[PDB]
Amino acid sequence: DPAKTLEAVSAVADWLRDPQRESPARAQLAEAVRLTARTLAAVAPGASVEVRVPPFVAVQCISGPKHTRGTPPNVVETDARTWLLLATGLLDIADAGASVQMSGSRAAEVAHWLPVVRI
């Protein structure tokens, strides 16, 4: 599993470092996104925060209570490239501006568990 996660990330790493390099095929992008997202879910198991990276994956992470009715749910949502930059540590979520949409009082806690793979 961690080996396959590393392989999938390696296949898109040149393009993560430099978007002028060849664009990944959708299958390559999908596998890198899914395996790194699932890695986060394993690193901080729980259901407090949902991380959404359409069209490829949604996972839940971080232990704690179910959010209060009438309050925003904890959600982090971004695009596949931005997600991979976060997952690999090439980008800090604190610097990602509007490319990452966040809601809920605990969404920002995903930052404590990133990156999940370094390149």
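For every residue, the number given is its place in the sequence shown, counted from 1.
(request) Could you check the entry and say whether 54 to 62 or 22 to 30 has the higher mean CA B-factor? (result) Averaging CA B-factors over each stretch, the winner is 22 to 30.
(message) If you take the mean CA temperature factor per stretch, which one wins between 3 to 11 and 108 to 116?
(response) According to the entry, 3 to 11 carries the higher average C-alpha B-factor.
(message) Looking at the C-alpha B-factor values in the deposited entry, which of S48, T36, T71, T78 comes out highest?
(response) Comparing C-alpha B-factors across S48, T36, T71, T78, the maximum falls on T71.
(message) Lowest, middle or highest third: which one holds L85 when the chain's residues are ordered by CA B-factor from the entry?
(response) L85: CA B-factor falls in the lowest third of its chain.
(request) Please rank the C-alpha B-factors of the chain's modelled residues and tell me whether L91 sits in the lowest, middle or highest third. (result) According to the entry, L91 has a C-alpha B-factor in the chain's middle third.
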